[PDB]
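Engineer: Just the structure for this:
(5 chains, ligands or ions: 1)
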Amino acid sequence: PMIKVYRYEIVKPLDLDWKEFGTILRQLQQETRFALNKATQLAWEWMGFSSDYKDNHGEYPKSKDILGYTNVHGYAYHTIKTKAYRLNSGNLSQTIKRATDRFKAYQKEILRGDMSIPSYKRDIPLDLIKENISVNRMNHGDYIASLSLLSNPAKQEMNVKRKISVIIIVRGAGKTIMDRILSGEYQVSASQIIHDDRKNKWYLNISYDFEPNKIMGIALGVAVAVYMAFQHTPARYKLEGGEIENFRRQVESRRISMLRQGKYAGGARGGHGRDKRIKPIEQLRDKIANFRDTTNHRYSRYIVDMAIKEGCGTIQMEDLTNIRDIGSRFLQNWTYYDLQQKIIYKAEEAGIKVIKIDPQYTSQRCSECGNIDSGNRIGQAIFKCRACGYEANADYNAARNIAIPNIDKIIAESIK
Amino acid sequence: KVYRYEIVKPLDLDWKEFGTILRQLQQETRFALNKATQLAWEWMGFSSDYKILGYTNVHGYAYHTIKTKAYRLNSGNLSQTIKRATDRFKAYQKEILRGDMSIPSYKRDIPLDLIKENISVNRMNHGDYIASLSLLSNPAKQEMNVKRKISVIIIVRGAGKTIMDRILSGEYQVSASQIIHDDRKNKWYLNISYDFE
DNA sequence: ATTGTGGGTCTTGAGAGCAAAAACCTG
DNA sequence: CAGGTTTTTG
RNA sequence: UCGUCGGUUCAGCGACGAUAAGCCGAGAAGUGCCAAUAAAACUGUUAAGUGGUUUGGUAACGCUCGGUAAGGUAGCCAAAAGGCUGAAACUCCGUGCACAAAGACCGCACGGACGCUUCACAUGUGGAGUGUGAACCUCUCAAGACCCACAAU
Ligand SMILES: [Zn+2]
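Structural biologist: Numbers count the residues shown, from 1 in each chain, chains lettered A, B, ... in the order given. Below you will find the coordinate block:
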């Protein structure tokens, strides 16, 4: 069962004003951040105390005898419930579980100095367990989300009689997902309430879980942004980057202009040390990040779509860990990890295995005659093989090599 | 006002033993920073219910607790390390209490602190700049069988050459320095801090 | 522009996306 | 009692 | 040329705002100003003398939370309360269900038409999907590299 996330905008609260709802959400964010940081602090104190106790006695101290709880999370919840009373107890417990699991999974790295102790930021999503969220469709078409955002003392304090109700804009693909949720086809997992600061919009990120030979070869080409070549079929596919190069030129010109202007004196901008002199740059940076995210969605969707189109039950692609060294591709400084992760999870939805191979002389090797030559590549675009005189686009030959099963091992054998 | 000079070779001894000494001192400095953070956390009363009088401040208590375990480090270097950790904790205490930033942490490849008294630089007629460093304490001298002032050859060029010449002339006054290691370049460096008018 | 130092961000990775029993409120 | 709703802990 | 709204990201379209790369408000760890020299390390028989620079209170240049322009909306009855009617956002028509200022309303359902883009069959017919087009697992934390200020050059 896979887990996916869809966000639905909260347009208004029911029986509460927006001032009260905003104050409640800001406060709950404050206790969420407090709980995360203090749970991490308690995990760290327990680590240090256990080390000292092992030094003194030669064995690990049992938390049940000392803390009173069999796990650090119980003691953390016991300590936090006093100062995070406003948060619903289930939400608080899951937030503390997040913090303590993050600390525990990475304890060795922090102990040997590889990793720092995690620290959590102010704009932290409001956690909501599956039981604390319900959604109902009204007869007139509105979708109402009932959320247990408050505890009994907090409900008494702000005089909130029952679960806080909001109207969620459920449209488009969100409408299909929400209808599947209400039908019971989708099951809702631990979700969040986040705040997009650009549009000043509160979103309910509902996380839902659900039950979802021939090999494709993907090559990050030099003249073509992405290129797909298939085994057992001469079918060819590609993704050019005219939109990428045009967008790249525009955002490059804008960053240069913004950075040049930032040195010139500004009254209101320069008055505040940070978050001012930085907002205009952050806006354009977030625009670039969103464009790269959307482009990677389109690319991974196209790739998987052609995978089902030609029945390719396996997808092979270059392990970029080594490619990072050369970094000379059509896409300059692209979010290759994002694109690769998108391809992986979308293929896994489609039912297609994804395998990463070493980019070991895949471009130099000839996919037809199996001949590896350093000087085989002739020109910046074409590829000509002498052993059989094979003339093809370099991206096509690279992707054809990538599509070959066990091609990295075969290339390693041919090298030696 | 800091400049970095990389060391090609230790003058007194070989690279293997010098690197072993340097990584031992790195381990001791990291342990000192972590223990000083723990003791500053206990000192402020932030400790829990399940978890020491006699010292005026946390720095002295931490030093007198740690100096037994970190016997290899020079005592001044240990004091500088512990002061760094306690300064970080005193700077972040309010955020720690409010649950804003969790706990301060220090990287494995931690700089080796060196007080102003443990750094000297001189110039041989051969043209090799020699840096004399007091890295170890007396029990460490007995155990490792090495002299107090370890001499290392430092390449000094360009702006670094100007800075080192100003240090030698007396215009630039040396201060607390660090010995760091860069894994990407796999080289040991000295960050020398200098002050002037 | 190039080495560093003191403060902030990209691109890579990793982990996650709880469950059960009991007391309180409610019916 | 009955059933959700929090709360607390493994 | 850049943004805002029209559900989410990137484009288009409609209507709008730009001095927003703009202006402004309060609190506060850095930085500065007062006292104030605490750890710790040395030389030295000790003494003594050095480097080292701590603890509180202030301000606010820098710092932390913020604010600030941006689609359009039909009126009566009733002493009043309340009632009736039913306006306005990305195709049109009909019905039904909603709704009197509003960060919160302009919507939804069904049927028909029109347009689009996919398949099947012999330009045409049938079937499918959708109303600007394409997509629509994210969050958190760390690591390595990048950005700003400083010293030498
Ligand atoms: Zn060939």
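Engineer: which residue ranges form the helices in chain B?
Structural biologist: B:15-43, B:58-66, B:75-97, B:138-144, B:159-169 (DSSP state H).
Engineer: Kindly report the residues of chain B close to DNA strand C.
Structural biologist: Contacts of chain B with DNA strand C, taken as C-beta under 7 Å from any atom of the strand, map to B:2, B:3, B:4, B:158, B:159, B:180, B:182, B:185, B:189, B:191. In this view, the C-beta of every residue, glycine as well, is placed from N, C-alpha and C.
Engineer: Looking at the residues you listed, which one is closest to residue A:320?
Structural biologist: residue B:185 (23.5 Å; C-beta to C-beta).
Engineer: Most proximal residue of the stretch 251-400 of chain A with respect to DNA strand D?
Structural biologist: residue A:345 (26.7 Å; C-beta to the nearest atom of the strand).
Engineer: and the gap between that residue and residue A:85?
Structural biologist: 39 Å (C-beta to C-beta, to the nearest Å).
Engineer: for the residue sitting nearest the centre point of chain B, what are its contacts?
Structural biologist: Taking C-alpha atoms, centre = their mean, the centroid of chain B lies closest to residue B:113, which sits 1.0 Å from it. By C-beta atoms under 8 Å, 6 or more residues apart in numbering or on different chains, residue B:113 lies in contact with B:29, B:77, B:80, B:81, B:84, B:176, B:178.
Engineer: With residue A:378 instead?
Structural biologist: Counting by C-beta under 8 Å, 6+ apart, residue A:378 makes contact with residue A:384.
Engineer: Quick check: residues of chain B near the ion?
Structural biologist: Not one residue of chain B sits near the ion, judged by C-beta under 5 Å from the ion.
Engineer: Could you name the residue of chain B that is farthest from its center?
Structural biologist: Most peripheral residue of chain B (C-alpha atoms, centre = their mean): residue B:49, 34.4 Å.
Engineer: what is residue B:130 paired to in the beta sheet?
Structural biologist: Using DSSP bridges, the bridge partners assigned to residue B:130 are residue B:122, residue B:153.
Engineer: Can you report how many residues neighbour it?
Structural biologist: 16 (other C-beta atoms under 10 Å in any protein chain shown).
Engineer: Verify the contact between it and residue B:150 for me.
Structural biologist: No - in this structure residue B:130 lies outside contact range of residue B:150 using C-beta atoms under 8 Å: 10.4 Å.
Engineer: Write the PyMOL selection for whichever of the residues of chain B next to DNA strand C are buried.
Structural biologist: The buried residues among those can be selected in PyMOL (16 or more other C-beta atoms under 10 Å in any protein chain shown) with this line:
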select buried, chain B and resi 3+180+189+191
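Engineer: quick check, nearest of the residues of chain B next to DNA strand C to chain A?
Structural biologist: residue B:180 (13.9 Å; C-beta to the nearest C-beta).
Engineer: picking that back up, how about the residue of the stretch 251-400 of chain A closest to DNA strand D: what's its closest non-neighbour residue?
Structural biologist: Once flanking residues are discounted, residue A:345 sits nearest to residue A:2: 7.5 Å by C-beta to C-beta, 6 or more residues apart in numbering or on different chains.
Engineer: Would you report the backbone torsion angles of the one you found?
Structural biologist: phi -90, psi 160 (degrees, to the nearest 10).
Engineer: Pull up the gap between the residue nearest to residue A:351 when sequence neighbours are not counted and chain B, please.
Structural biologist: Setting aside the residues directly before and after it, residue A:351 is nearest to residue A:212 in space (C-beta to C-beta, 6+ apart), at 6.9 Å. With distances taken as C-beta to the nearest C-beta, to the nearest Å, residue A:212 is found 37 Å from chain B.
Engineer: and the residue of chain B nearest the ion?
Structural biologist: Residue nearest to the ion within chain B: residue B:184 (39.0 Å; C-beta to the ion).
Engineer: Could you report the neighbour count for that residue?
Structural biologist: For residue B:184, the neighbour count with other C-beta under 10 Å is 5.
Engineer: Got phi/psi on the spatially closest residue to residue B:107 that is not a sequence neighbour?
Structural biologist: Leaving out its chain neighbours, the residue that sits closest to residue B:107 by C-beta to C-beta, 6+ apart is residue A:113, at 5.6 Å. Backbone torsions of residue A:113, given as degrees, to the nearest 10, read phi 80, psi 0.
Engineer: so residue A:113 makes contact with residue B:108?
Structural biologist: Yes - using C-beta under 8 Å, residue A:113 is in contact with residue B:108, at 2.8 Å.
Engineer: which of these two has more neighbours?
Structural biologist: Counted by other C-beta under 10 Å, residue A:113 and residue B:108 do not tie: residue A:113 has more neighbours, with 18 against 13.
Engineer: Show me the residue at the heart of chain A, geometrically.
Structural biologist: residue A:338 (7.6 Å).
Engineer: Three-state assignment for the closest residue to that residue other than its chain neighbours, please.
Structural biologist: Closest residue in space to residue A:338, ignoring its immediate chain neighbours: residue A:296 at 5.0 Å, by C-beta to C-beta, 6+ apart. Secondary structure state of residue A:296, per DSSP: H, G, I helix; E, B strand; the rest coil, is helix.
Engineer: and residue 18, how many neighbours does it have?
Structural biologist: Just going to use chain A. 10.
Engineer: other chain: chain B
Structural biologist: With other C-beta under 10 Å as criterion, residue B:18 counts 20.
Engineer: and if you look at residue A:68?
Structural biologist: By the criterion of other C-beta under 10 Å, residue A:68 has 12 neighbours.
Engineer: next one: the one 10 residues further on
Structural biologist: Residue A:78 sits with 13 neighbouring residues when counted by other C-beta under 10 Å.
Engineer: so how many other residues sit close to the nearest residue to it once chain neighbours are set aside?
Structural biologist: Of all residues beyond its chain neighbours, the one nearest residue A:78 is residue A:69 (6.9 Å), with distances taken as C-beta to C-beta, 6+ apart. Residues near residue A:69, counting by other C-beta under 10 Å, number 14.
Engineer: what's the answer for residue B:73, then?
Structural biologist: 27.
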